[PDB]
Every structure is written in structure tokens, then in C-alpha cells.
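Asks: pasting the first bit of my complex, frame unchanged:
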Amino acid sequence: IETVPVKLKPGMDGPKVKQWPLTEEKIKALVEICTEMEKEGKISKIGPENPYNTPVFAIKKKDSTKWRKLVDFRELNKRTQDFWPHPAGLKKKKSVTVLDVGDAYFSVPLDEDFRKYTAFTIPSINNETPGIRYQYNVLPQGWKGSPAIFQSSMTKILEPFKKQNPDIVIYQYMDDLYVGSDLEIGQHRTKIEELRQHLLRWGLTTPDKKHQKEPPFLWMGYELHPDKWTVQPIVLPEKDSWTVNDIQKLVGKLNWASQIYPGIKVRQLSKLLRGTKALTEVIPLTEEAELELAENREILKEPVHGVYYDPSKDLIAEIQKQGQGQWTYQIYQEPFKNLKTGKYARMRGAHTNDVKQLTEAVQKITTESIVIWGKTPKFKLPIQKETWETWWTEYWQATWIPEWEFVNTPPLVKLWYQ
């Protein structure tokens, strides 16, 4: 099997990303993995004459004890050439299962002229040894080009199964295979095992989940149910009595929401605050204002019209820390034209680790974007750059890594959760 020629985008060099510090737990797992990959000819040792590097770290597999080597191929994927239909029914299925088929990529060799770009460096504790550098000789997991180069082989493996079960939707994104069906959960999990064993005739899958009865906290990102994803409506308070401070919070909230919902008006409400009153003064709603409020409640309940997904424009997701373990998010392409607004709560821990919360929400938001649109969004994270970077690898369990930036948001986005 001959390798497919791969180029970088015109005028771009390879990745040169420093390796970040790793725990002894992750280095010992990585050293074992890379030493074994060199024996099977999957990687090979290189020297410092290769000026490229990509960060590597390890994650614990889903409901398992085995370790998975994860490459931060974000920079390489941005500089890799583009290659050459998304199933809209996958998001409508009852149950959807994510299968790590990244192991299949390790059977196709990579173009020699390109291998210099897959270099990574394994660090050592206390800088005992210099970094030992490796490069890839086969298609690597997490590479933008790996699913594309393997595309011809993946359709061939699945075509018999897809004709034997035409009601099952199969989408592929990077190392993961998304398998959706409308069967019952028990007959669905048997169908997943039917796909795994029929696939086993060609390429292997991650060791079967040590559990099969959905042990809680463990199949969050494994067995997904898209038909139960809910959008988060914008709500207004319901009070018998409104104060001047209460009307000001209401007017400011409605004025911000007029950017997402066209018909929002605040004029009859602002008329109630025409003086220079005390904040605690109760303001009775006039008959005209009660109607305006009642109409704004109606406007926020109806869905927004004329907002469609553009495959050429990047997706952007914003998360707000609402407190009490609750996180609100919005996915959009143009400002105030949200493609989905959701809420995630009660995540991991008894609401102790904020970072674990944010990391899970980012993964669940990305999973929805892959399932819904087949893309990944760019995240605007409500966290300090160093607070995330220090800890995020400790709670990551996806085979893909989305792009993100860090922002310090003013506390005036109370416009998403009551």
C-alpha cells in the first residue's frame, strides 16, 4: 500500500509547539506507548535536526483503565492541506454511540515527504534526560488528514453493514464513528456490538467497555441521546410587585434581548421609571406596560426565524458560569444569530471542581456541534488562560481538541439563565 501525497497549505511551515509539563503518571504511560509504537514501525526516533514539534499528553479511556496517547494536532491541522455530506438524521435518532476507530489509521503509511511534520517530544521528570523525539510513519490519530486518507477504506468496511441496517446512521469525524439508531436501548447496544464485531473483521476498536449497563458518570460522552437535547429559553421574572430596581433590571435585560429577538420593546416599561426614584420604590405596571411585558414574554417563547447554519463560516460557542454547577452556552456564526442555546448542570463532583465542570461542558457542546453540523466550534472560555491550561488535560477524554480563546466577561449576561 502506497502513501498518498500530502502538502501544507501554500506559504506555511510545520508546527513548532513546545511540550508542556506532564505528570509521572502520564509520562510513564507515554513512554510505554511510544516505545511499543516504534517496535511495530508506527513511529520512529528522530533528532533535533527536525525543527517541528507537536505537544503530546495522555488521557484515561472512557470507562476503562487503559491510557490513550493524545497528540495536540491543532497547529498541524491548521497548516495541513484541505482534502477534496453530513447526515441530518443523526441528530434525530434516539440513541447515538461514539466509537474510537482511530486505531485503524495506524495501518496506512504516511507520505515520507510529510512525516517531518508529525514530530513530538516526550519530556522527562526533573529534566533528567533531554526530550526524546519521535515522528509518525503511519496515519496518526487526531490528524486532520487521517480520516480523509482512510475515507476510501472506511466506506468499504461499512457498506455491507449499512445495507444490512439501513435505518442506522453512521457519521465519521476524526477518530470517532457516530452510530445512531431508533432501536430500543437494549437492542441498540446489541446493534453496536453487531457493528463492532462485523468491523472486527477489518479493524480493531478500543477494548470493550468494562461495563455495559450504563454505569453513571461513565457513559456521558459514550452513549448519547440527541433527541433529548433541550434549548435554553430566555426568561423574565414573574412578580406581583415590581420595584424601581426590578424594572431597571428588566429593562436592561429586555434591551439586550432585542438583539436576538426583533420585536422586544421596553418603552412602556421605561416610562414607569421617568423620575429619579429610590431603588426600592415599588412601581405599579400600567395597563399599557403590562401588555408590553406580556408581549415580550411571548416573543422570547417563540423560536427565532431565519437563522440557518453556514458550512463555510466557523462555529463559535460561548459559555457563562451561572453558579450552582450550572453553565449556559450559545453556538452561533454571526453575533446574536444563535444556532443553539443550551444549559448544562450537575456535572461531575458534588459541584466542587469548576474546571472539571467547564471541561465537560466544552466537550458536550463540541459533541453536539459534531452531531448537529459535523464541525467543531471555537470556544470563548470564561476562565483565566493559566487556570485552564494547568488542569484541562486532567479532565479531557475526547479524541479531538477544539480551538479556544480566553475572555474576561462582565457580569451582565444574566440574560440566559433566570
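Replies: Yep, that arrived. Residues are numbered from 1 along each chain as shown, chains lettered A, B, ... in the order given.
Asks: what number of residues lie near residue A:153?
Replies: 16 (other C-beta atoms under 10 Å). Just so you know, the C-beta spots here come from the backbone N, C-alpha and C atoms, and that holds for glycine as well.
Asks: so who does it touch?
Replies: Contacts for residue A:153 (C-beta atoms under 8 Å, 6 or more residues apart in numbering) come out as A:104, A:108.
Asks: Same check on residue A:138?
Replies: Residue A:138 touches A:41, A:42, A:105, A:106, A:107, A:108, A:109, A:110, counting by C-beta under 8 Å, 6+ apart.
Asks: Dihedrals phi and psi, it?
Replies: With angles defined as degrees, to the nearest 10, residue A:138 sits at phi -120, psi 170.
Asks: Tell me what it is bridged to.
Replies: Residue A:138 forms beta bridges with residue A:109, as assigned by DSSP bridges.
Asks: Buried residues in stretch A:407-418, which are they?
Replies: Counting neighbours by 16 or more other C-beta atoms under 10 Å, one finds that the buried residues in stretch A:407-418 are A:413, A:415, A:416, A:417.
Asks: and the residue nearest to the last one when sequence neighbours are not counted, what helix or strand is that in?
Replies: So that's residue A:417. Nearest non-adjacent residue to residue A:417, counting by C-beta to C-beta, 6 or more residues apart in numbering: residue A:322, 4.5 Å away. Here residue A:322 sits within strand A:315-323, counting by DSSP states H and E.
Asks: List the neighbouring strands of that strand plus their orientation.
Replies: Strand A:315-323 has these strand partners (DSSP bridges): strand A:326-334 (antiparallel), strand A:377-381 (parallel).
Asks: build in chain B:
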Amino acid sequence: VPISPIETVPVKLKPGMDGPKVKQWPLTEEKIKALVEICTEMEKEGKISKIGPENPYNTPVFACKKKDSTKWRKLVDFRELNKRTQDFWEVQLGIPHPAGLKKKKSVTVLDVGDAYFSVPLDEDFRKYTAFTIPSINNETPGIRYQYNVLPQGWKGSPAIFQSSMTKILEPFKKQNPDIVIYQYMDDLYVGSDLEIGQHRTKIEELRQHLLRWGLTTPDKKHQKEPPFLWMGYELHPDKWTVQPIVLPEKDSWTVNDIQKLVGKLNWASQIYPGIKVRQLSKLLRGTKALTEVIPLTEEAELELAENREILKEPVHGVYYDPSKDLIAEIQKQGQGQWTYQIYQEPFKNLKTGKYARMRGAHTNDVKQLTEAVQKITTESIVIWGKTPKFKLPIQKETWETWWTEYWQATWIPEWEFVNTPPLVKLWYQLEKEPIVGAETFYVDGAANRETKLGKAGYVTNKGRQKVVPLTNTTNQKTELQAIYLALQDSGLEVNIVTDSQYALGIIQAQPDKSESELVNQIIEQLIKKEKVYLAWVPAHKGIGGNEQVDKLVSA
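Replies: Adding chain B to the chains above:
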């Protein structure tokens, strides 16, 4: 040491470039006879070969005294060749720290002699290392040579030797998997748990193993007895310390001198607990003249006394025990300054350090504490590969009320409270609901973008008003100035309504210190108050008192 039999690393020039063509600059007579005498020696030693007119490249050559040695070091100003050499990925990712060393029965520190001069250079690249020795008589043309080994001063030499040394040690490390060898350039920390007799046997196998690879371990650089001088430390069997620090004593100081003093004080903070450099680094602000003389401030001189005070007492570090828990404790010394000590058994510090970074223009002590915890967390991963347990001078309930009320995601790993004052506290707390029976202040401010003049005032529900004219100000400052007025002209309980997200986001973050003088005044007022409720309304929407004061300041 014959040239090592290790394979050369293929080295290329940057795409579409040629080699260096630099003419040789004049040298002193002490160096001319020494370079000629040296060059024929290192041609005889094989490191250098003569070249002819077919080689069109050149690089200037000189010769300086070796660092703390009677031997001469042959150096070349390869600044032109380094710009044309390909980039490398440096495999040296950091510096080993003694606090990460475990206890060993037998320890040996080696040093390879003529390190760079033992490793061959890629044959294809040798043409570009050509140089010319100008003779004394200007009538003589001068003798041209090229390099067969790693030159000192070439940008690829450190990375290639580091990569080459690991390849040379890989077979020996595999023949003996239980011996730990800390490798940094040519210096080798060898440690084992074998008996002292059998340990010296393995060192000779290593010296013979390195000798087979053209790597001599001279006896002059072979240390067999504690104390060990390693990586600038004095290593003792159960304790470690830093080689003597010499702080300069001068009556008048310059910018450069201050730059040195800050650096040495940082280098001492790894084991000396309590080093402070904030006031000493303040003297480095603005002046880029390296030879400028700076008078020591009253606060700066006080800082030097504290450091010298804790430097008169000897401090030692302990080695690391992988079986026992890692503990770090932090204390708040000055404003924006912190010191920490990492230990396992109390009062037996592995290492110390300090964090004194001002992140942002507006911050509080709780933010800096989380910033210092992160610096220690990363540092602990580098040295020991694990996160330490923390002992912080902040109340358990103080942090609970902060991270639940802060809009950003903040987290601190497993930590326990220590009662080591001064503690970290939230100096004031904004009310969640408007205060009943509190004068409501509708504040705003404006400024012209060309004139830079502006107004700042307030209107209240009790009818009280005020407008102050300001000169040399901005829109952001006048809107901040309006909130300051309401705090001044109010009682201990006040309701303030602003239209500035910028002023609101600063105050709502509960800062206790700021680079802005005005914010420090606003913070001071909030601590004096007893209950403060700050509300925001959208501007230019005809809302309450915001509309009245908006017209007051825009005119």
C-alpha cells in the same frame, strides 16, 4: 579521545541560502600565535582539516581564555553562519533541580573532556565552517581550515551533542536499567543503590563505554567523594545547598548593577525563604541606560537589609521521597509579593521560591493567591511530576464565598487552611439587592475625544446633585470618577446606578489594589462603607435618573 563513532546529524542551510563569507578582523599578538599553535594541534587531533581555494566560505576566528581554566578556548564569531543554519528543536526542555533528586547510596559526577570536539559534524555541512587564519605579515594570505567536529559557538552544537550523548548512553543504560543518570550537556550525575565497591566498578564500565564512543572522562573532572559540585550546587549526602552567592557592595549603583542584583536575588529565592524584590525591581522602571546611576529609595534600602539578614544564616534543602506526600505552604509578605516553601516533613524544606507578579491593572489578594498556587503547581510537575498538597493563609469560607460569586471558572487543588497571618480576605462585599433607606445615586461622566476635558457627577432620589469638572481625562476615567463622587457624598449605606460596564466589571470583581490611583480611592471608600449596592442600566434609553445625569455631563 578519537572522534566518536556516532552518526553525524544531517545539517542543512536555510532554503535558498549560501554559506558565510566574512573576512577576518584583527587579533592581538597573544592570540595570533596561540590560534596558529592551537589550530595545528586540533588539526593533528583531527578536529580540523586544511582546505584550499575550492572552499569559498569564511568566518572570523579568535581565542579567549577558557572559563575558570588555564587552557585556551577556541571561539569563532559564527554569528553569520548561525543565521544561515537550519532551525533545530532543542531537546533540553529545562534544568534539573536538586530537590527532585532521590537519596542514593553511591553518587558520581562525571564530565566529558573536549565534548564538542569529540562529536563529528555532518560531512555535507563541513564546507560552511571554513575559516581563515590571517598571518602577522599582511603580505601573507592566511591559512584556511574547515571544521570536522562541533564548533563552540555554533547554534547547532549544544542540541546535537545533547542528542548524541543520549544515543551514546542508551546502550549502557539498557545494559544496566536500575542506575539513574541525570544528563545535562557533558556533565553526568550517576547514582545507584549498589554497594560502594560494585558502584565504582560500573563507573569504570561507563568510562570505558564512553571511551569506546570517543568520550573521555578525565580524572581532573571525575568526582568520587561527597560533597559533589553539580549544576551550580554543592550536593551533600543528605542535604543540598547553592554554591556561595556573592552580593556586590557598592556606594553608588547603576542600572546594570541593579539588573545584576535582582538576578542574583531571584537565584537565591529557590532555597532562601523570604526574599523580596518588588522595591528593587521598581528602580529598573523607565531607565534603559545600563550605566545610569540610581539612588536607592527608602523602601529599596529596607528591602536589601531583609535579604542580607536572611542570607547570613545558612539554608539547606532536602531530597525528595517518592513515598511521602508533597506539601507547599504560602505566606503573604508584601503587597503583591508572596513566598512559599515546599517540604514533606515540617521545617525540612525541599526547595523555596517566590511569586510577585501583578496580573492585571486591577486585582485582589485572592486572585494573586490563585496565581501563586498555579506557578507552584506547574513547578511541582516539572520537579517531581505530581501536584503538591497546599497549605494556604486564606479561610475556607473566604474561598467558598469568592469562587461561588465570581463569574469566571476558578479552582484550587486539595488545600488546607493554615493560620499564618496576614490572612487573605475579601475587604468588602457588594449587596445582591438594593438597599432600603439608602440614597440612590445616578452617576455618569463624559469626555470629549479631542479636547480630553470631561465632567463627572450624580443625581440622587433625595434631590441632591453634583457635577465636577476634570482636565486631562478620558471617558472611562470620568465614568469611574462619577462613581467615586457618590461614594464620597453619601453615608455608610448607598445605592449607585451606573451605565458603565467598564466601571461595573472592575468594582464587581472586588479588587483591593490597582495600578490606577482612582481605583484605589474607590476601593478604599467601599471598605469604609457598610452596605453598597451597585446597579447597571443601559445608557441612552431614557431610564430613571440615568437620563437626568446623562444630560448633565454631556453638555
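Asks: please look at the buried residues of stretch A:407-418 again, because chain B has been put in.
Replies: A:411, A:412, A:413, A:415, A:416, A:417 (16 or more other C-beta atoms under 10 Å in any protein chain shown).
Asks: Can you give me the distance of the closest residue to residue A:189 other than its chain neighbours to residue A:324?
Replies: Computed as C-beta to C-beta, 6 or more residues apart in numbering or on different chains, the closest residue to residue A:189 that is not its neighbour in sequence is residue A:212, at 6.7 Å. Distance of residue A:212 to residue A:324, given as C-beta to C-beta, to the nearest Å: 33 Å.
Asks: can you pull out the helices in the stretch 151-300 of chain B?
Replies: B:157-175, B:196-212, B:255-268, B:278-282, B:298-311 (DSSP state H, counting those that start in this stretch).
Asks: Off-centre distance for the longest strand seen in chain B?
Replies: Counting by DSSP state E, the longest strand found in chain B is strand B:439-447. Relative to its chain's centre, strand B:439-447 lies at 44 Å (C-alpha atoms, centre = their mean, to the nearest Å).
Asks: Would you confirm that residue B:475 contacts residue B:446?
Replies: Yes - the criterion here is C-beta atoms under 8 Å, and residue B:475 meets it with residue B:446 at 6.5 Å.
Asks: follow-up on the earlier one: buried residues of the strand holding residue A:322, list them for me.
Replies: Buried, per 16+ other C-beta under 10 Å, within strand A:315-323: A:315, A:316, A:317, A:318, A:319, A:320, A:321, A:322.
Asks: Any chance you could list what contacts that strand?
Replies: A:327-333, A:339, A:354, A:358, A:361-362, A:365-366, A:369, A:373, A:375-382, A:409, A:413, A:416-417, B:404-409 (C-beta atoms under 8 Å, 6 or more residues apart in numbering or on different chains).
Asks: here's DNA strand C, drop it onto the model above:
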DNA sequence: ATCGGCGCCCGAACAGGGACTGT
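Replies: With DNA strand C now in place:
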């Protein structure tokens, strides 16, 4: 004068991005 590679600290120029404002 007159060198290379790494890590760290601290200070300052430059850029990016988002908000306000003026046209």
C-alpha cells in the same frame, strides 16, 4: 571585545479585541 543552547525573573513595546463615540 567576542560566541552557542536551555530555564527563570522583570520591564516595556506592540498587537488584538471589544466598548464607546463621533461622523
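Asks: ok DNA strand C is in now, so what about the neighbour count of residue A:153?
Replies: A count of neighbours around residue A:153, defined by other C-beta atoms under 10 Å in any protein chain shown, yields 16.
Asks: helix or strand for it, which one?
Replies: Using DSSP H and E, residue A:153 falls in helix A:151-164.
Asks: just residue B:519 next, same as before
Replies: helix B:517-528.
Asks: Go through that helix and flag the buried ones.
Replies: B:519, B:522, B:523, B:525, B:526.
Asks: now swap in stretch A:381-391 and tell me
Replies: Quick answer for stretch A:381-391 (16+ other C-beta under 10 Å): A:381, A:382, A:383, A:384, A:386, A:387, A:388, A:390, A:391.
Asks: Wait, a helix at the fifth one?
Replies: Yes - with the criterion set as DSSP: H, G, I helix; E, B strand; the rest coil, the secondary structure at residue A:386 is a helix.
Asks: quick one: it from chain B, how far?
Replies: With the distance defined as C-beta to the nearest C-beta, to the nearest Å, residue A:386 ends up 5 Å from chain B.
Asks: For residue A:92, give me its contacts.
Replies: Counting by C-beta under 8 Å, 6+ apart, the residues that residue A:92 touches are A:180, A:226, A:227.
Asks: Assign the closest residue to residue A:157 other than its chain neighbours to helix, strand or coil.
Replies: Residue nearest to residue A:157 in three dimensions, not counting chain neighbours: residue A:202, with 4.7 Å by C-beta to C-beta, 6+ apart. With three-state DSSP as the basis, residue A:202 sits in coil.
Asks: ok so, going back, alpha carbons only: can I get the helix holding residue A:153 in PDB?
Replies: Extracted as PDB, the C-alpha positions of helix A:151-164 are listed here (Å, rounded to 0.1, in the frame of the first residue of the first chain):
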ATOM      1  CA  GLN A 151     -12.000   7.600   3.700                       C
ATOM      2  CA  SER A 152     -11.900   5.100   0.800                       C
ATOM      3  CA  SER A 153     -11.200   2.300   3.200                       C
ATOM      4  CA  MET A 154     -13.900   3.300   5.700                       C
ATOM      5  CA  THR A 155     -16.800   3.300   3.200                       C
ATOM      6  CA  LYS A 156     -15.700  -0.100   2.100                       C
ATOM      7  CA  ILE A 157     -15.800  -1.700   5.500                       C
ATOM      8  CA  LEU A 158     -19.200  -0.200   6.400                       C
ATOM      9  CA  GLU A 159     -21.000  -0.600   3.100                       C
ATOM     10  CA  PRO A 160     -22.200  -4.200   3.900                       C
ATOM     11  CA  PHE A 161     -23.300  -3.200   7.400                       C
ATOM     12  CA  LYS A 162     -25.000   0.000   6.200                       C
ATOM     13  CA  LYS A 163     -27.100  -2.000   3.600                       C
ATOM     14  CA  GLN A 164     -27.900  -4.700   6.300                       C
END
